[PDB]
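A.B. asks: Pasting in a structure now, in structure tokens, and then I'll have a few things to ask.
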Amino acid sequence: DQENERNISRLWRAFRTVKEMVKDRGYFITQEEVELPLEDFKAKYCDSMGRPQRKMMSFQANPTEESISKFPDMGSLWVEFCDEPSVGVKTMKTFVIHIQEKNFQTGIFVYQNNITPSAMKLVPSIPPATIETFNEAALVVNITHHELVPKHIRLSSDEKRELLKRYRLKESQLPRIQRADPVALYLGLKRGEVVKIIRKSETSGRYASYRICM
Amino acid sequence: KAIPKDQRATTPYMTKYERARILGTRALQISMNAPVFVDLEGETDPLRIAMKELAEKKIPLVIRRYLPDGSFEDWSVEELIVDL
């Protein structure tokens, strides 16, 4: 077996998460396209010996018809992995463009050990379109499943303009969340997007809270 | 900005701080030879007369309730319920 039977077992879960996250973001996916057990995983994205073929995992995803009700212009998403333990600023033009053409809006890329600082400085160069960068090791476990972290929710630019008007609040008087905050990334917030934090309470079962972004 | 007597949203009840201050305020005046709107059952202590005016809800005052953003709501000692 050796110590590779474990380097896949990890890529696996790492994958799983990516999925879950893409569905909670507001996209289409089945629970069956997630619970994809280990066994049946191997015999799909592997080659001969029994090793992982990442460039073979990449894929596309589309909004659920529900996400169209609250968010109209919610574009399409695309995720991508790499067989390159050390990705560079060359293979980036590969991705960056692949999207600028097809014309999506959401680009998720998964690096292994890291990306080249020459590369990363190419994401904010093709607006509207947006891109995000995730390390494998941080997606092995879904942080949102942790006893502590309660569930959050994105608020429509409508649902928001309301939260203010009902509490007679100015944007700045609102409790904030970090642009880098773990969960903020799990949903991909944008400077200005508000989140509704709904948690449990020993004083009253449920407490509704809000976090704007900065 | 102000707010219509309708669309009112505050607490129908008098806050301790309010009542506390009303009586005080009212005493102060009564103690200053202001007119007393109740029959003095023989009382002679202002804060005590004030307690009386406040139970026959005959105190001519209005508690303006400023909100965090500046707007306010106006309630009368008349309206406001006094549990406490």
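A.B. asks: What do you get for trypsin sites (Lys or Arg not before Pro) in region A:165-200 restricted to DSSP loop and a cutoff of at most 10 other Cβ within 10 Å of the site's Cβ? Numbers along the way, then the final one.
C.D. replies: Values: sites: A:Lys165, A:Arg166, A:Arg168, A:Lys170, A:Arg176, A:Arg179, A:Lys190, A:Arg191, A:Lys196, A:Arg199, A:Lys200; in loops: A:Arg168, A:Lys170, A:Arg179, A:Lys190, A:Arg191.
Filter output for region A:165-200: A:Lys170, A:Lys190, A:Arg191.
A.B. asks: Quick one: which residues, 5 or more positions from A:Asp83 or on another chain, have an amide H under 5 Å from its amide H? H modelled 1.01 Å from N in the peptide plane, none for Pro or chain starts.
C.D. replies: Residues meeting the criterion, in which the H sits 1.01 Å from N, are A:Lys55.
A.B. asks: Work out from phi, with θ = phi - 60° and the Karplus expression 6.51 cos²θ - 1.76 cosθ + 1.60, the ³J(HN,Hα) of each residue of region A:7-12, listed in order in whole Hz, and give x for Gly and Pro.
C.D. replies: Whole-Hz 3J(HN,Hα) from phi for region A:7-12: 7, 9, 3, 7, 3, 4.
A.B. asks: Would you mind telling me which residue in A:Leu11, A:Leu77, A:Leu38 has the biggest mean-square fluctuation in a Gaussian network model of chain A, where springs connect alpha carbons within a distance under 10 angstrom?
C.D. replies: For chain A, modelled as a Gaussian network with Cα springs under 10 Å, the answer is A:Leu38.
A.B. asks: Excluding residues fewer than 8 places away in the same chain, name every one of the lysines whose C-alpha is closer than 20 Å to that of A:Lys93.
C.D. replies: A:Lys55, A:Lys102, A:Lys121
A.B. asks: Skipping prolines and chain starts, which residues have an amide H placed within reach, meaning under 5 Å, of the one on A:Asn114, given they are 5 or more residues away or on another chain?
C.D. replies: A:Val87
A.B. asks: Could I ask something else about it? Return the average number of partner chain Cβ atoms within 10 angstrom of each residue Cβ along peptide B:65-72.
C.D. replies: That works out to 2 on average.
A.B. asks: Still on this structure, please answer the following. Assuming a ≥ b ≥ c are the square roots of the Cα gyration tensor eigenvalues, decide whether region A:61-214 counts as rounded (a/c under 1.5), prolate (otherwise, with a/b larger than b/c) or oblate.
C.D. replies: Working: a/c = 2.21, a/b = 1.65, b/c = 1.34.
It is prolate, given that a/c is not under 1.5 and a/b is the larger ratio.
A.B. asks: Further, regarding this structure: Quick one: which residues, 5 or more positions from B:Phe72 or on another chain, have an amide H under 5 Å from its amide H? H modelled 1.01 Å from N in the peptide plane, none for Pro or chain starts.
C.D. replies: When sequence neighbours closer than 5 places are left aside, the close amide H contacts are B:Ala2, B:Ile3, B:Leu67.
A.B. asks: OK, next. With a ≥ b ≥ c the root eigenvalues of the C-alpha gyration tensor of region A:142-214, is it rounded (a/c under 1.5), prolate (a/b larger than b/c) or oblate? Walk me through the intermediate numbers first.
C.D. replies: Values: a/c = 2.10, a/b = 1.19, b/c = 1.77.
It comes out oblate by the Cα gyration axes.
A.B. asks: Excluding the sites themselves, what is the longest stretch of chain A that contains no GluC sites (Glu not before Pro) in a DSSP loop with at most 14 other C-beta atoms within 10 Å?
C.D. replies: Numbers: sites that count: A:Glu3, A:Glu32, A:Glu33, A:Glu35, A:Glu65, A:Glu66, A:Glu147, A:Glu202.
Counting at most 14 other Cβ atoms within 10 Å as exposed, the longest clean stretch of chain A is A:67-146.
A.B. asks: Residue by residue through region A:43-59, which ³J(HN,Hα) values in whole Hz follow from phi under the Karplus form 6.51 cos²θ - 1.76 cosθ + 1.60 (θ = phi - 60°), with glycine and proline marked x?
C.D. replies: 4, 6, 9, 10, 9, 10, 2, x, 9, x, 10, 4, 3, 9, 9, 2, 5
A.B. asks: Find the Cα radius of gyration of chain B, compare it with 2.2 N^0.38 Å by division, and give the number to two decimals. List each step's numbers first, then the result.
C.D. replies: On the way: Rg = 14.0 Å, N = 84, 2.2 N^0.38 = 11.8 Å.
Compactness ratio reported: 1.18.
A.B. asks: If you find the alpha carbon centre of region A:111-126 and of region A:25-85, how far apart are they in angstrom?
C.D. replies: Region A:111-126 and region A:25-85 have Cα centres separated by 21 Å.
A.B. asks: Tell me whether region A:1-141 comes out rounded, prolate or oblate; compute the Cα gyration tensor, take square roots of the eigenvalues as a ≥ b ≥ c, and use a/c under 1.5 as the rounded threshold. Please list the in-between numbers first.
C.D. replies: On the way: a/c = 2.22, a/b = 1.22, b/c = 1.81.
In terms of gyration-tensor shape, oblate.
A.B. asks: Excluding the sites themselves, what is the longest stretch of chain B that contains no trypsin sites (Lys or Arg not before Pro) in a DSSP loop with at most 10 other C-beta atoms within 10 Å?
C.D. replies: On the way: sites that count: B:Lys1, B:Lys5.
Looking at chain B, B:6-84 is the longest stretch - no exposed trypsin sites (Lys or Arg not before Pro) with at most 10 other Cβ atoms within 10 Å.
A.B. asks: Less than 15 Å apart at the alpha-carbon level, and either on another chain or at least 8 residues along: which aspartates and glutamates does that give for A:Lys200?
C.D. replies: A:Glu147
A.B. asks: Then there's this: Checking the table A:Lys44/A:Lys190; A:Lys19/A:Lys44; A:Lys170/B:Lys5 against a 28 Å threshold on Cα-Cα, which pairs fail? Before the final figure, lay out the partial values.
C.D. replies: Numbers: A:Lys44/A:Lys190 36 Å; A:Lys19/A:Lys44 16 Å; A:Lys170/B:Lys5 25 Å.
Violating the 28 Å Cα-Cα cut-off are A:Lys44/A:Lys190.
A.B. asks: Sticking with this one: What's the exposure ranking of A:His152, A:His145, going from fewest to most Cβ atoms within 10 Å? Before the final figure, lay out each step's value.
C.D. replies: Working: A:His152 23, A:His145 9.
In increasing order of surrounding Cβ atoms, one gets A:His145, A:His152.
A.B. asks: Suppose we look only past 34 Å in the calculated P(r) of the protein assembly as shown. What percent of the Cα-Cα pairs does that tail hold? Could the numbers behind the result be given before it?
C.D. replies: Working: 20878 of 44253 pairs.
Here the tail beyond 34 Å accounts for 47 percent of pairs.
A.B. asks: Based on DSSP H runs of at least 4 residues, each adding -39500 (n - 2.57), what is the mean residue ellipticity at 222 nm of the protein assembly as shown after dividing by all its residues, to the nearest 500 deg cm²/dmol?
C.D. replies: Roughly -8500 deg cm²/dmol at 222 nm, from the helical runs in the protein assembly as shown.
Virtual Cβ from ideal backbone geometry, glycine too; neighbours counted across all protein chains shown. Each value in this text was obtained by applying a stated rule to the coordinates, not by laboratory testing.
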